[PDB]
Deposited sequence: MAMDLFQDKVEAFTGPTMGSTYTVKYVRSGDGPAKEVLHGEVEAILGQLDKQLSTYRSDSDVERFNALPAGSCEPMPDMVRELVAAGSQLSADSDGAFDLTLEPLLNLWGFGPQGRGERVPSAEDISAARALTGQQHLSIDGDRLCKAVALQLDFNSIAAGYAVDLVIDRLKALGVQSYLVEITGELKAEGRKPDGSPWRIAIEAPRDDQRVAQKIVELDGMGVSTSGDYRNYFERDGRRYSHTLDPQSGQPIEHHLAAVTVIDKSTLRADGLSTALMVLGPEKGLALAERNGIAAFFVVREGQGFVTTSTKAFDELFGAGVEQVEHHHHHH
């Protein structure tokens, strides 16, 4: 390194149950880091107030309490996300669904869930009748629901948060940055030496595929280290929207790379719903850059898509 050189600042903080980390290059112009730390905290406060199902005074919880047939005014975020969600649903053949909260609370995986309980085939049938993206619509500044929908934004919130933080760093003059919120992240520009921002994707055999992010967000659903079979059948908190039950298949993690970190968080969730086979086919069909970790024969196999291979090479 050189003696006179722009600084690479870093801060981190607590989330509701995890951490974020921002890193950025600060020029003489550019903003101080406590300013950004406060801009990032502000943004996270709005997300929590508008979209968290874990607090009762949230906008989404006010919407969730309402009965079938309700139209209710909602803030910009919620409508932005409902809309983004609608597209994700269409692009992923329904594997992406914001309306699973009743099946989540039924299977114990939710905010009002004691947990770890197997519900009947009757309660499942009842709860699925309170689900369905097609029943959600936007009307001016109102969100409407045709059945007693309960929304949950967790499959896309962290990614959206990353994109929002980046709009703000850009608006304040920052050019080069790596923003990570509970695992979702995006980076752009280069460090002062000229090096790029790099992430590692886990690629067990414990190999690692290293990629350079410049204008691209990454999202990883699952972690190959958490793969459980309860009684020789797979245990997970991921539900098929179409069937009421949890997923049976062997996909242990999937990583998506897209310019919109919101989209990566979403498609990532959808691919893990779909599994190793339907996952790959969709990803290839729609041209998604993705890297799958499939648990095969007491070990792991990895598979990358075509779009991923053009962006990053095939090797490791």
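Sequence ranges 1-2, 208-211, 323-332 have no coordinates in this entry (deposited sequence, numbered from 1, C-alpha basis).
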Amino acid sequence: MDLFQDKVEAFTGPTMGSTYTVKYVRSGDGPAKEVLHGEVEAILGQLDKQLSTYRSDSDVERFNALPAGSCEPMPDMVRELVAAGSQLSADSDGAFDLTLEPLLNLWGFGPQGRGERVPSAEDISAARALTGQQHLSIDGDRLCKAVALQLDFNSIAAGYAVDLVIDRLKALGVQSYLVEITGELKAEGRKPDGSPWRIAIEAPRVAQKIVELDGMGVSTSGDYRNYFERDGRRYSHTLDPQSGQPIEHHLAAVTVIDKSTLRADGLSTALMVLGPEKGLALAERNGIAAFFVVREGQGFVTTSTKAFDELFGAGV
From here on, numbers count along this sequence of modelled residues.
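Mean CA temperature factor is higher for 141-149 when stretches 141-149 and 154-162 are set side by side in the entry.
Set 105-113 against 179-187 and average the Cα temperature factors; 105-113 ends up higher.
The PDB entry gives the largest Cα B-factor of the residues 308, 24, 300, 292 to 300.
Set against one another, the Cα B-factors of 169, 203, 127, 98 in the record reach their highest point at 203. Per the PDB record, residue ranking by Cα B-factor puts residue 221 in the middle third of the chain. The deposited CA B-factor of residue 31 belongs to the middle third of values across its chain. Annotation for residue 73: C-alpha temperature factor in the middle third relative to the rest of the modelled chain, per the entry. When the CA B factors of the chain's modelled residues are split into thirds, the value for residue 134 lands in the lowest one. Placement of the Cα temperature factor of residue 41 within the chain: middle third of the modelled residues, per the deposited record.
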